[PDB]
Every structure is written in structure tokens, then in C-alpha cells.
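The structure appears right after this line, and notes come after that.
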There are 2 protein chains.
Amino acid sequence: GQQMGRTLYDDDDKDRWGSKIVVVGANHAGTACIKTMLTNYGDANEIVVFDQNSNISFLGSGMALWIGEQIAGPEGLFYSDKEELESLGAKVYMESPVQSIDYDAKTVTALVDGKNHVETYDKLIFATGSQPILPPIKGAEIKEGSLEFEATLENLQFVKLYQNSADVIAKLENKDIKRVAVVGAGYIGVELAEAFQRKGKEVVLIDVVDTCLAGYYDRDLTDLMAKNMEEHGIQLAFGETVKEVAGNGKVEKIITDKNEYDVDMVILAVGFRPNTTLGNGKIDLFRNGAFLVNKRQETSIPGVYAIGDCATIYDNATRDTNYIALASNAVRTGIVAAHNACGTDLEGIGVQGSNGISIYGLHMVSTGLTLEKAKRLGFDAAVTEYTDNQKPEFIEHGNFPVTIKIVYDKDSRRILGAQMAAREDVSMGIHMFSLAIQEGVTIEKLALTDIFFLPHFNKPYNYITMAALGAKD
Amino acid sequence: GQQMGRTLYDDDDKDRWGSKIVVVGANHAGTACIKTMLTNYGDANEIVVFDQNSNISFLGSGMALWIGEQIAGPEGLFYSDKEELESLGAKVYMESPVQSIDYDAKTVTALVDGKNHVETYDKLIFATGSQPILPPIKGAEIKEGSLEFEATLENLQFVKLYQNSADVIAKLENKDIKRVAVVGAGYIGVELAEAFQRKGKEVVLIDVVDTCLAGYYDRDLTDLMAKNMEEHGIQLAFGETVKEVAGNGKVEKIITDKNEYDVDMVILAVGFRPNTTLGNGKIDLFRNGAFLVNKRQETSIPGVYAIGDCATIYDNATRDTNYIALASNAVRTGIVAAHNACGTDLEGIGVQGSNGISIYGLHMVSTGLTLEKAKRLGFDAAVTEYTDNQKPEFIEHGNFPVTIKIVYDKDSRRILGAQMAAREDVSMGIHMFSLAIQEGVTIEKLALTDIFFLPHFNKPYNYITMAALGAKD
Ligand SMILES: Cc1cc2nc3c(=O)[nH]c(=O)nc-3n(C[C@H](O)[C@H](O)[C@H](O)COP(=O)(O)OP(=O)(O)OC[C@H]3O[C@@H](n4cnc5c(N)ncnc54)[C@H](O)[C@@H]3O)c2cc1C
Ligand SMILES: Cc1cc2nc3c(=O)[nH]c(=O)nc-3n(C[C@H](O)[C@H](O)[C@H](O)COP(=O)(O)OP(=O)(O)OC[C@H]3O[C@@H](n4cnc5c(N)ncnc54)[C@H](O)[C@@H]3O)c2cc1C
């Protein structure tokens, strides 16, 4: 629940053509794009939407919370629906997959009620997102025909759509489900591990990489998180390649590189790939298939835009085109495309891949590049860190230690990334670093940056300042 | 006590100069400056310090916490002392006021142990700070010659030095002190009002301005804080000029131009003014008497610097010279003056007057200009505000509303200030805006800034993004 009127971008419509705008996909990106277009230019344009799913505007980010019983039910996991979009002026086709696009005649063909539906367009917006990847695992295959990623082996699950989360939660009811294996230690696999453990199941987290949250946090924080999970009953099996998921009629064992585990359910959280096949090669693609787009979210074909997990985005930390699959980027890229497709020139500004994670009371946040990542990409990076209490030691209650890492370029001196971890929520602080990187602020300028002081809130020489002042080179 | 090794600014000694450097004053500004010089350039320079007080390196910021018994006395309110500074390499003179400066023979004269002591210098750093403001009030006079702001009338108090607090606490135990009047409704007056209230005394907060926290927060938030204090029995008497403090040998009643109040003690917290008497008309001063300094904290007299509360500072919100008496600025100007004084070219970057306040569980933070203040300064400013919960509606516990205000220039579009209030600590969020104002970020660019999303921490359409998108002007 977060609605409003027009944005500060909304521009007076004058001397511009009216446009029929077709949107393919209506989840985070599509919904954000559609709402901005309608609430800002309303009747000026004709918005037609197609989504192959039976539901839209779902919050996948809330699936772990729901499975782990951290929230009552799935009610609040939807931020819009067909009726709401239509009440804004959109024409919406549910369970209608667009199956081909003719860029010359400017029409899309979608399967509406078992029949081919041709829809003309002036502007086309791709918000088709992505789909989960199936690693080469014996016993793991998908049932042909389903757009819901159903596994052939009972109790082997994928976790992307609402149905997937509902499916898992139903099965968890079965008293036989006692041991669950989660494959993939990225942020999704980690949250799911906590979720299943929170449901009382024995959990084993498997990944071929040597730690969890690889690429988002440095060694000491991924170690802290791993420790966090272990001390909660989650068994860690890092550095192991899954070979097979076996079982007679259902999941009964998961076999890896270095071991075998008796489990009653397997969850695959290894990654996703963008849905850009509708491009038919006509559109330039990023190395991973994502639609390549500029700062206005426009593809190599004029009039055709791409947003969210199906397209790329500019990364101000690496300072190159990149692919960052986050609902946060979906919302913002959707807003940008909305204005541009409606005739308002709006240049996006890139992102930093800012993220947060909260598992069993361990709170962390990061933005930009970790020291490992920065180095691995040829940056002459260094890190300055500091661990200290949030408030002055004389504060009798509510104090706590915070660990902060500030990764910067030894050469250019600009901040490349930052990470924070604490047993209390200090996430609001990562916003500063997100902006820092965006603006190219250096470790030297940060050190003297005005960070207020109030003993009730912080120390005169807070950890941000101490970290920056303590940088070397 | 927040010690550390060398800063990232430390420049390797090459053909530079070693100097005899005299520092006048050793509270927040002097201490920070002396430590930076000695820790970064040790033996190269000769540091001599003079302070007229019997205690140095005190955290005046904790006085209300101390008085209101929120902490264990003043045990943690000192961040250094004579022996510490001497061990770092400085010669320290306590209870030794500097009475005159000979800018020609570059020497200062201090009253040491009663006799006159002369000290020559290559560089001079003024850190004489400020003194409380004392408007024309009958019966309110500081005893001639006291260096501790002692009022001639018994039970009329100032709250600036360590002694002033111990003095109030001393008289506070007097079972006869029942009603206490606090003159000045700025953050210090509000904090002291709460302190005396916690001591079970009846408090009446008087100020000429018709509101509390004038210039720090806009009317709806100051209304919030006013109602907050009244919720705890504090009486408010705004829009009144204190004309006289009267009584038979002691305080018995305070009279304004509109009313009269029967009180047993009066605390004057009208504000502070720079202590720049030692300038002797030889140094350029700012409109309020503060030593006018440049980006390097150097005065109009080469070789002479001024830091903290006795000097000006550059304000990036107004984009001009200004006076902002805060420990945060005291510390930073000290660091900059120290390096430049020791031969390292270091240009300060200005501040935003960022601040915070926490009273009876109401936490507020602001930075830069309020709409009313921006306008009082001639800016064609506008504000965009928003109120929503910190997290998604489906969050079981730990959720709370937050009100945010972003003030911006309707013409240049750059952010001028920002305010936030909630009953849960969101103070970390103001750092982003302080940095945003520093970097001249526009309201349009702010709206697309990469604000991460995690249901446990915030909403996809968080209030920062919503308020920004909501810019109307
Ligand atoms: C468990 C989990 C937790 C997550 N947590 C967070 C988090 O805490 N914070 C964060 O920022 N992000 C999080 N994410 C990521 C976020 O959910 C995605 O980045 C976001 O959903 C992408 O939105 P989208 O609209 O681009 O694409 P998608 O959500 O992939 O949606 C694409 C839509 O288009 C439709 N579609 C596809 N092809 C066609 C077609 N051919 N014709 C018609 N319709 C079509 C699909 O049915 C779908 O509705 C999480 C994801 C998961 C799975
Ligand atoms: C009740 C209260 C609450 C506050 N709360 C906050 C807060 O929460 N956050 C924040 O950022 N700031 C706060 N402040 C402001 C902060 O305390 C000041 O900004 C800071 O102390 C200024 O440090 P300074 O060294 O520049 O000056 P001062 O503290 O004024 O010290 C100047 C020093 O120089 C000495 N001196 C002066 N003249 C001479 C002389 N002629 N010869 C020799 N020595 C001399 C004095 O004895 C003194 O020790 C608060 C202040 C008060 C009083």
C-alpha cells in the first residue's frame, strides 16, 4: 500500500503525439511503469497490458517471511491487481502470454483465451522479468508445458512465483516433511534456510561456492552470517556441487560432490535468466540476454523500452552497464520508461545495487563493490573498516556495536562500496553510501562530511567518520 | 575518548616546515586540533596550549543527560585531559587565560599562576569558543571577572561548563527548589526542560519566538515537540520576552512583557556568541563577532587560525559563510586547521548544520534549511513532505510512522534541507540528506536515488522516495 498522484517529472503535454502503449509483464517493473504513465499522462495515452500469470503485482520478497511464519498470511504480498490497474485506465489481459512481436507492423500477438490476439502499438514496453535456472542435476527436470516451473519429482521446488510459495507452504503441512535442503547460498537461499528452520525443519544449505552472500559482503561478514545460520540449526555444505536429487516417487535424498543428505524436500535457489526471447534477435542484448538499454530505458529499437529484471541498468560503482535483479531497480526503471514513452525526456541515473538482509536478528546492508569484487574486477581497491558502539559508552540502554567497511579506490580515491552489520537496524545509514558512490564522493571528502552528533543517537566521532579518517594510502 | 593514529590526510614531511604552534582553548575544537597535530606531525612542531578553565576536553553535550539522571554522573563526559595531551607531546597550561595577543612580536600573554607568562608562536590557533548570550534582563548579570559564567543573583544559572552543571545539580537537591524556568526554547532549552522535569520539578519554558526549536524544524514538527513536552507536565510560555528576574536575595519570580512567573531557579539558555575579545580589532570578524575564516580556518592575519565556536564556517545549504556552534563542527574545523597549520594543504568542505534531538521518546533530525528559514534567507524554497510507516503493513512488530520533509530551491532545484521525526530511531537517514545538500543534488535526481528495499527494513515505495517524487514546485 503506497499510492500517490503525479510525479515531479510529469511534463505539460503539448505538441506531442498521443501513444498507444503496450506493456508486456505486470509485476514490480510493469506495475510501476503502468501506474506512472496513467497517473501522470492519463487519457493522453492508451495503455494495454499483458501478463501470462494468473496474478500480478506480487511481492516475491515476502515469500520467506510467509513461509517462516513471520507474517500472518499472503494478504499483504500484493500491491496492485487487475481491477486497480483498470481503475487507472489500463486495459489488462491476464493469463495472456505475448508470444511474438512484429517490430515492422508494430503489433504483438498474445494468446488470449486459447486464441491469437493481435494488438497494435506505437510504444512497446518489455517488463517480462526473468525465470529461474535449472542446473544440470540428475533427477531434476521441469514438467513440459507449465509456466509455473513445476518439477517432475514430487517435493523438488523452485521459488519465484506466488504459487510456488503457496505450493511449498502447503507441502510443509505434511508431517513427513522434516528435512529440507536449500540449494544456493545467495540472499534468497539464506532467507529460505531461515524460513524452513523457523518452521521446525532440519535444514542443510548447499552451494558450490565457499560461502554465503558471495559478491555482496566481504569474508568477515559472510562468515558472521554463516555462523549466524549454523548457531540456529542450519547445516552448511559449502564448496559442494549438487550431483543428483533421488527418491522413489518423491524427493528422498540429495547427493553432492562430497556427501549425501536425507531430505524430504529440495528448493533450488541458484539464479534466474531474463526473458528476452520476444526480441527475436531484433534487439541488442547484454552478455546474459538482458535487453540492452540506455539511461532512458530504451532498447536499440526506437519506441521499444525494457525495464526490470528483463533489462540492464547502469552501475555507478563499477561504472559500466550491468544487470542487477532487484525490485528496487524494477520500480525505478519502470518510472523512467513511463515518462520517456509518454513523451517526457527523463534520464535515469544508474544504481549501486544497494541491498539489505536480516536473518535471526543479524542485520546487514551493502551498496556498491565489496573489496573482493572490486579487486576481482581490476580495481586498485582498498578497504577501511571500523567496529565501535553506536552510542557513547555512558548510554545505559539500547547501545550496540556496528561494523562498517568502506571500500575505496586507492588511486582515484572514490568510494566503491560499503557494508554495515549490527544486531540492531542501522540500514538507513547505507543510503548515504549509495548516494556517495552515485555522486563519486571520495574517501577524503567523506571523512570531513557533516555527520551530526547527539549522544542519544551516536558518538562525536561516529564509526563512519572514524572509518574514513582511518583509511590509508 | 575516541583516539586513533594518523588521519588519511597526513602528508609525508618533504621540504616543509616545523613550527611553534600556540593553541588558545582546549574543549571540543582545541582538543581535536591538538590531537591531530601531535598524532600526525609529532616532533616536527612544538605545541603549547593555554586554557583558563580548571578542566578541559568536556562534553557539554551530556549535561542534560547528567542533570536529568539518564547517565551515571559526568564520568564519561571527558574525552581527554592535561596528562593525555602532554603525553602526546604538548605543553599544557590549565587555569591560564590568555589576556592579550601581540600580533607584531607574534607573542601571547597568559596569566599563569598569577604572574604574566609570554609565549612566542609561529602559528596561532584560536579555539576560545563561545559564551552564553545574555540579553538585557534586569537582575541578570554575570559576576565581574568570573571565567565560569556565574550569575550575581543566587539561583540564576547558565549551563555551559562542567561547573555550571555541578552547580545546578548542587542547588537542585535543595528541597526548596520546586519550580524552574528555562529561558530559550532551542534544543538545549528543550533538553534542559526535560532534565528538570525528570527531577520532578515544575518547568516553564519561555522564549520570545512563538515556537520551540525555531530555525531547526518547521512548525508542524515543533508543534509535535511542544505537545510532547506538555504531555509530561512542562508548561510552555512562548511569544514572551523575559524582562526581569527578581527576588529577595535569590530568584523568586521571572517577568516577561506578557506575564510573571513564580520560580525558584532560572536557567538562561538563549544561545551562544563567539568569544573573540583577543582579536583586539586586529582580525576580521563575522556579523556576530566570530573570527572570519576561510576554507582552511585561517583568519585575515596569516599564520593565525580560528576554529570551533569562536570562528565561522562555510554552510553548503545557504552556500555562504555562517556561524554554527556545534561539537560536530568544532571537531572538523579543528582537524582542518591542524593539518594546514602543520603544512598540509587541506581545504574544508563546509557543513550543513545537521543536528538531532531526542525528548521523551520523540526522535527528530534535520539538516540544512527549514522552509521557513530558507524563506527568511530569501530562497524561493518549497517543501515536499510525506508520512507513512517505516515498513510494509504486513510487518507484525516493530513498525512505526515516520514523517519526512525535504526542502528544495524551486529555481536551482537543489536540496536545501531535510527533517525527519518518528518515535523509533531513524536518525541514520539524515546523513544521506546532509551529503545530498553538500553535493548540490537536485530534487529530481534525489527522487531516482538507489534506495534499497527489504521488507524487514522498509517499503518498496519508502517515504524518502515518495516525498521526493511528490515535489510539487
Ligand atoms: C525469494 C525472493 C526474494 C526477493 N527479495 C528482494 C528484496 O528483499 N529486495 C529487492 O529489491 N528485491 C528482491 N527480490 C527481487 C525482485 O522480486 C525482482 O527484482 C522483481 O520481482 C523483478 O520485477 P520485474 O517486474 O522486473 O520481473 P518479474 O517479477 O520477473 O515479473 C515479470 C512479469 O512478466 C510476466 N511475463 C513474462 N513473460 C511474459 C510474456 N511473454 N507475456 C506476458 N507476460 C509475461 C510474468 O508473468 C511476470 O508477472 C526477491 C526475489 C525473490 C524470488
Ligand atoms: C547544554 C549543551 C548541549 C549541547 N549539545 C550538543 C549536541 O547535542 N550536539 C552538538 O554537536 N553540539 C552540542 N553542543 C555544542 C558544543 O558543546 C559546542 O559546539 C562545542 O563545545 C564547542 O567547542 P569549542 O572548543 O569550539 O568551544 P568551547 O566549548 O566554548 O570551549 C572554548 C575553550 O577555550 C577556553 N578559553 C576561552 N577563552 C580563553 C582565553 N582567553 N584564554 C585561555 N583559554 C580560553 C575555555 O575555557 C574553553 O575551554 C551543546 C552545548 C551545550 C552547552
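Residue names in the C-alpha cells use chain letters A, B, ... in the order shown, residue numbers from 1 in each chain, and ligand numbers from 1 in the order shown.
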Would you mind listing what lies within 8 Å of stretch 30-43 of chain A as a compact mmCIF listing (two decimals) with N, CA, C and O atoms, in the first residue's frame, with only C-alpha atoms counted and same-chain residues fewer than 5 positions away left out?
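Saved result, out-v7.txt, follows:
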```txt
# COMPACT_ATOMS: atom_id res chain seq x y z
N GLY A 5 -0.15 10.71 -6.50
CA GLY A 5 -0.64 11.37 -7.70
C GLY A 5 0.44 11.45 -8.75
O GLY A 5 1.08 10.44 -9.08
N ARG A 6 0.67 12.65 -9.29
CA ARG A 6 1.69 12.83 -10.31
C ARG A 6 3.07 12.99 -9.69
O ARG A 6 3.19 13.37 -8.53
N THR A 7 4.11 12.69 -10.46
CA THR A 7 5.50 12.81 -10.01
C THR A 7 5.98 14.23 -10.34
O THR A 7 5.30 14.98 -11.04
N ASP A 10 6.31 14.71 -14.28
CA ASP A 10 5.16 14.97 -15.12
C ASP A 10 5.36 16.30 -15.85
O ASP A 10 5.57 17.34 -15.23
N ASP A 13 1.65 18.28 -21.39
CA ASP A 13 1.50 17.68 -22.71
C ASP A 13 1.17 18.74 -23.74
O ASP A 13 0.09 19.35 -23.71
N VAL A 23 2.37 -2.90 -22.71
CA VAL A 23 3.32 -3.30 -21.67
C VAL A 23 3.30 -4.82 -21.56
O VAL A 23 2.24 -5.41 -21.41
N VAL A 24 4.45 -5.46 -21.65
CA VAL A 24 4.49 -6.92 -21.53
C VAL A 24 5.03 -7.28 -20.16
O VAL A 24 6.23 -7.16 -19.90
N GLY A 25 4.13 -7.71 -19.28
CA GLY A 25 4.51 -8.07 -17.93
C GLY A 25 3.94 -7.06 -16.95
O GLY A 25 4.00 -5.86 -17.20
N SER A 57 1.46 -8.02 -9.71
CA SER A 57 1.84 -7.12 -8.63
C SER A 57 2.07 -7.84 -7.31
O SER A 57 1.58 -7.40 -6.27
N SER A 80 -1.10 -4.38 -5.93
CA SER A 80 -2.00 -3.96 -7.00
C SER A 80 -2.68 -5.17 -7.62
O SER A 80 -2.34 -6.32 -7.31
N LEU A 85 -5.46 -1.54 -11.64
CA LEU A 85 -4.83 -1.00 -12.84
C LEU A 85 -5.89 -0.48 -13.81
O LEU A 85 -5.75 0.61 -14.38
N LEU A 88 -7.27 2.76 -13.19
CA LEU A 88 -6.38 3.87 -13.51
C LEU A 88 -6.49 4.17 -15.00
O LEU A 88 -5.98 5.18 -15.48
N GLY A 89 -7.13 3.27 -15.73
CA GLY A 89 -7.31 3.48 -17.16
C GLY A 89 -6.71 2.43 -18.08
O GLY A 89 -6.92 2.48 -19.29
N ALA A 90 -5.98 1.48 -17.51
CA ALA A 90 -5.34 0.44 -18.31
C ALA A 90 -6.30 -0.65 -18.75
O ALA A 90 -7.30 -0.92 -18.09
N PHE A 126 8.85 -3.70 -22.49
CA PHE A 126 9.13 -5.05 -22.01
C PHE A 126 9.38 -5.02 -20.50
O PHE A 126 10.25 -4.31 -20.02
N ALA A 127 8.60 -5.79 -19.75
CA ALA A 127 8.74 -5.88 -18.31
C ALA A 127 8.52 -7.36 -17.97
O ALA A 127 7.92 -7.70 -16.95
N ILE A 307 12.44 -2.73 -18.98
CA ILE A 307 12.64 -2.38 -17.58
C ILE A 307 12.77 -3.63 -16.70
O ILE A 307 12.58 -4.75 -17.17
N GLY A 308 13.09 -3.43 -15.43
CA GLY A 308 13.20 -4.54 -14.51
C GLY A 308 14.19 -5.65 -14.83
O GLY A 308 15.16 -5.45 -15.57
N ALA A 330 13.56 -2.40 -10.37
CA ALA A 330 12.37 -2.61 -11.19
C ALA A 330 11.44 -1.39 -11.08
O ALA A 330 10.93 -0.88 -12.08
N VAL A 331 11.21 -0.92 -9.85
CA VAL A 331 10.35 0.23 -9.61
C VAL A 331 10.88 1.49 -10.30
O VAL A 331 10.14 2.18 -11.01
N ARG A 332 12.16 1.78 -10.10
CA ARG A 332 12.75 2.97 -10.69
C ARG A 332 12.92 2.93 -12.19
O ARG A 332 12.71 3.95 -12.85
N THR A 333 13.30 1.79 -12.75
CA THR A 333 13.44 1.73 -14.20
C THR A 333 12.04 1.86 -14.82
O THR A 333 11.88 2.42 -15.90
N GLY A 334 11.03 1.34 -14.11
CA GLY A 334 9.66 1.43 -14.60
C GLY A 334 9.17 2.87 -14.68
O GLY A 334 8.46 3.25 -15.60
N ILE A 335 9.56 3.67 -13.69
CA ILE A 335 9.18 5.07 -13.64
C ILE A 335 9.83 5.84 -14.79
O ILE A 335 9.19 6.68 -15.43
N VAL A 336 11.10 5.56 -15.03
CA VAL A 336 11.85 6.22 -16.10
C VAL A 336 11.27 5.93 -17.47
O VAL A 336 11.06 6.84 -18.28
N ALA A 337 11.01 4.65 -17.73
CA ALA A 337 10.46 4.25 -19.01
C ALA A 337 9.09 4.87 -19.21
O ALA A 337 8.74 5.29 -20.32
N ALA A 338 8.32 4.94 -18.14
CA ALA A 338 6.97 5.51 -18.19
C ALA A 338 6.99 6.93 -18.78
O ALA A 338 6.28 7.23 -19.75
N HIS A 339 7.79 7.80 -18.19
CA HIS A 339 7.88 9.17 -18.66
C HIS A 339 8.38 9.29 -20.10
O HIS A 339 7.78 9.99 -20.91
N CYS A 342 5.98 8.29 -22.68
CA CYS A 342 4.85 9.21 -22.75
C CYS A 342 5.26 10.58 -23.29
O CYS A 342 4.47 11.53 -23.27
```
Proximity of chain A to ligand 2: per-residue shortest pair, 8 Å limit, only C-alpha atoms and all ligand atoms, as JSON lines:
```
{"residue": "A:452", "atom": "CA", "partner": "ligand 2", "partner_atom_place_in_ligand_line": "11 (O)", "distance": 6.1}
{"residue": "A:453", "atom": "CA", "partner": "ligand 2", "partner_atom_place_in_ligand_line": "11 (O)", "distance": 4.6}
{"residue": "A:454", "atom": "CA", "partner": "ligand 2", "partner_atom_place_in_ligand_line": "8 (O)", "distance": 4.1}
{"residue": "A:455", "atom": "CA", "partner": "ligand 2", "partner_atom_place_in_ligand_line": "8 (O)", "distance": 6.2}
{"residue": "A:460", "atom": "CA", "partner": "ligand 2", "partner_atom_place_in_ligand_line": "11 (O)", "distance": 7.4}
```
Could you write those residues out with N, CA and C atoms, as a JSON list (two decimals), in the first residue's frame?
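Final output, saved to again-v4.json:
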```
[["chain", "number", "residue", "atom", "x", "y", "z"],
["A", 452, "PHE", "N", 26.13, 14.72, 11.94],
["A", 452, "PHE", "CA", 25.69, 15.30, 13.21],
["A", 452, "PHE", "C", 26.01, 14.47, 14.44],
["A", 453, "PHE", "N", 26.02, 15.14, 15.58],
["A", 453, "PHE", "CA", 26.27, 14.47, 16.83],
["A", 453, "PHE", "C", 25.21, 14.76, 17.90],
["A", 454, "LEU", "N", 24.68, 13.70, 18.50],
["A", 454, "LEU", "CA", 23.72, 13.79, 19.60],
["A", 454, "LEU", "C", 24.01, 12.53, 20.41],
["A", 455, "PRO", "N", 24.52, 12.68, 21.64],
["A", 455, "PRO", "CA", 24.81, 11.49, 22.45],
["A", 455, "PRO", "C", 23.73, 10.40, 22.49],
["A", 460, "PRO", "N", 30.51, 11.47, 19.03],
["A", 460, "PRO", "CA", 31.01, 12.64, 18.29],
["A", 460, "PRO", "C", 31.84, 12.13, 17.10]]
```
Site check for ligand 1: residues at most 6 Å away, only C-alpha atoms and all ligand atoms, as an mmCIF file with N, CA and C atoms, in the first residue's frame:
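The resulting file, part26.cif, is shown below:
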```cif
data_model
loop_
_atom_site.group_PDB
_atom_site.id
_atom_site.type_symbol
_atom_site.label_atom_id
_atom_site.label_comp_id
_atom_site.auth_asym_id
_atom_site.auth_seq_id
_atom_site.Cartn_x
_atom_site.Cartn_y
_atom_site.Cartn_z
ATOM 1 N N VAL A 24 4.454 -5.464 -21.652
ATOM 2 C CA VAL A 24 4.494 -6.921 -21.535
ATOM 3 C C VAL A 24 5.034 -7.278 -20.160
ATOM 4 N N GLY A 25 4.135 -7.709 -19.284
ATOM 5 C CA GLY A 25 4.509 -8.067 -17.928
ATOM 6 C C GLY A 25 3.936 -7.058 -16.949
ATOM 7 N N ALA A 26 3.373 -7.525 -15.838
ATOM 8 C CA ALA A 26 2.798 -6.600 -14.869
ATOM 9 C C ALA A 26 3.181 -6.880 -13.422
ATOM 10 N N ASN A 27 4.452 -7.179 -13.168
ATOM 11 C CA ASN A 27 4.844 -7.387 -11.784
ATOM 12 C C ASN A 27 5.440 -6.062 -11.304
ATOM 13 N N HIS A 28 6.501 -6.105 -10.507
ATOM 14 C CA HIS A 28 7.123 -4.889 -9.993
ATOM 15 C C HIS A 28 7.430 -3.804 -11.028
ATOM 16 N N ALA A 29 8.155 -4.162 -12.085
ATOM 17 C CA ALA A 29 8.518 -3.203 -13.126
ATOM 18 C C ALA A 29 7.298 -2.736 -13.923
ATOM 19 N N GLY A 30 6.546 -3.697 -14.454
ATOM 20 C CA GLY A 30 5.365 -3.372 -15.229
ATOM 21 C C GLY A 30 4.357 -2.532 -14.471
ATOM 22 N N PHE A 50 -0.347 -6.971 -20.845
ATOM 23 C CA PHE A 50 -0.455 -8.412 -20.973
ATOM 24 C C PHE A 50 0.422 -9.086 -19.942
ATOM 25 N N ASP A 51 -0.129 -10.072 -19.254
ATOM 26 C CA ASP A 51 0.662 -10.829 -18.308
ATOM 27 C C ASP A 51 0.211 -12.272 -18.428
ATOM 28 N N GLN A 52 1.172 -13.177 -18.504
ATOM 29 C CA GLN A 52 0.863 -14.587 -18.652
ATOM 30 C C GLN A 52 0.444 -15.245 -17.345
ATOM 31 N N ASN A 53 0.737 -14.611 -16.217
ATOM 32 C CA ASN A 53 0.393 -15.217 -14.938
ATOM 33 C C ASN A 53 -1.068 -14.967 -14.568
ATOM 34 N N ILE A 56 -0.787 -10.759 -10.540
ATOM 35 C CA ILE A 56 0.211 -9.741 -10.824
ATOM 36 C C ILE A 56 0.500 -8.922 -9.580
ATOM 37 N N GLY A 60 7.523 -10.996 -4.271
ATOM 38 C CA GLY A 60 8.297 -12.198 -4.019
ATOM 39 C C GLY A 60 9.191 -12.079 -2.801
ATOM 40 N N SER A 61 9.573 -10.848 -2.483
ATOM 41 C CA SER A 61 10.433 -10.573 -1.338
ATOM 42 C C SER A 61 9.791 -11.012 -0.028
ATOM 43 N N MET A 63 7.977 -13.868 0.345
ATOM 44 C CA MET A 63 7.766 -15.314 0.382
ATOM 45 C C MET A 63 8.440 -16.034 1.559
ATOM 46 N N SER A 96 -2.443 -14.031 -20.280
ATOM 47 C CA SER A 96 -2.345 -13.866 -21.714
ATOM 48 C C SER A 96 -0.902 -13.640 -22.091
ATOM 49 N N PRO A 97 -0.184 -14.715 -22.448
ATOM 50 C CA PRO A 97 1.222 -14.571 -22.828
ATOM 51 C C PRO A 97 1.431 -13.987 -24.220
ATOM 52 N N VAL A 98 2.287 -12.976 -24.315
ATOM 53 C CA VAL A 98 2.608 -12.401 -25.609
ATOM 54 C C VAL A 98 3.538 -13.457 -26.181
ATOM 55 N N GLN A 99 3.274 -13.909 -27.400
ATOM 56 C CA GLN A 99 4.105 -14.951 -27.965
ATOM 57 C C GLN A 99 4.944 -14.593 -29.173
ATOM 58 N N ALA A 127 8.596 -5.794 -19.754
ATOM 59 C CA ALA A 127 8.742 -5.884 -18.306
ATOM 60 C C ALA A 127 8.522 -7.356 -17.970
ATOM 61 N N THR A 128 9.023 -8.209 -18.859
ATOM 62 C CA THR A 128 8.905 -9.663 -18.764
ATOM 63 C C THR A 128 9.787 -10.331 -17.702
ATOM 64 N N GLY A 129 10.570 -9.532 -16.987
ATOM 65 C CA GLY A 129 11.416 -10.053 -15.925
ATOM 66 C C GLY A 129 12.366 -11.194 -16.246
ATOM 67 N N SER A 130 12.337 -12.227 -15.408
ATOM 68 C CA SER A 130 13.218 -13.374 -15.572
ATOM 69 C C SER A 130 12.571 -14.684 -15.098
ATOM 70 N N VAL A 159 11.376 -21.343 -6.411
ATOM 71 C CA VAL A 159 10.706 -20.291 -5.660
ATOM 72 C C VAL A 159 10.747 -18.919 -6.306
ATOM 73 N N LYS A 160 9.816 -18.662 -7.222
ATOM 74 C CA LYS A 160 9.770 -17.358 -7.871
ATOM 75 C C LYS A 160 8.395 -16.727 -7.799
ATOM 76 N N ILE A 188 18.558 -15.135 -1.329
ATOM 77 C CA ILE A 188 17.295 -15.877 -1.379
ATOM 78 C C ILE A 188 17.417 -17.235 -0.670
ATOM 79 N N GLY A 308 13.088 -3.427 -15.432
ATOM 80 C CA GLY A 308 13.201 -4.545 -14.509
ATOM 81 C C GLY A 308 14.189 -5.654 -14.827
ATOM 82 N N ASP A 309 13.931 -6.836 -14.267
ATOM 83 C CA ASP A 309 14.811 -7.991 -14.442
ATOM 84 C C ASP A 309 15.004 -8.464 -15.881
ATOM 85 N N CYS A 310 14.304 -7.863 -16.836
ATOM 86 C CA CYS A 310 14.488 -8.307 -18.217
ATOM 87 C C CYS A 310 15.485 -7.418 -18.953
ATOM 88 N N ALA A 325 19.241 -7.561 -10.619
ATOM 89 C CA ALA A 325 17.862 -8.005 -10.469
ATOM 90 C C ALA A 325 17.258 -7.742 -9.097
ATOM 91 N N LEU A 326 16.770 -6.522 -8.883
ATOM 92 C CA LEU A 326 16.162 -6.140 -7.606
ATOM 93 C C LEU A 326 14.845 -5.415 -7.828
ATOM 94 N N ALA A 327 13.889 -5.622 -6.929
ATOM 95 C CA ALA A 327 12.588 -4.972 -7.047
ATOM 96 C C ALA A 327 12.783 -3.462 -7.024
ATOM 97 N N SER A 328 13.827 -3.014 -6.323
ATOM 98 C CA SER A 328 14.144 -1.591 -6.203
ATOM 99 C C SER A 328 14.471 -0.997 -7.567
ATOM 100 N N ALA A 330 13.561 -2.397 -10.367
ATOM 101 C CA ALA A 330 12.370 -2.606 -11.191
ATOM 102 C C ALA A 330 11.435 -1.388 -11.078
ATOM 103 N N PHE B 453 15.627 -1.989 -0.937
ATOM 104 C CA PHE B 453 14.373 -2.462 -0.364
ATOM 105 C C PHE B 453 14.508 -3.861 0.248
ATOM 106 N N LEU B 454 13.991 -4.000 1.465
ATOM 107 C CA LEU B 454 13.965 -5.261 2.203
ATOM 108 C C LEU B 454 12.765 -5.096 3.117
#
```
Considering only C-alpha atoms, return as JSON, numbers by chain whatever protein or nucleic-acid residues lie within 6 Å of stretch 131-143 of chain A, sequence-local ones (same chain, fewer than 4 positions apart) excluded. {"A": [150, 151, 152, 243, 244, 245, 246, 271, 272, 273]}
Mind checking which residues fall within 7 Å of residue B:77, counting only C-alpha atoms, ignoring those fewer than 5 positions away in the same chain, and posting them as a ChimeraX atom specification? /B:58-59,62
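Nearest to chain B of all the residues A:112, A:369, A:166, A:443 is A:443, counting only C-alpha atoms.
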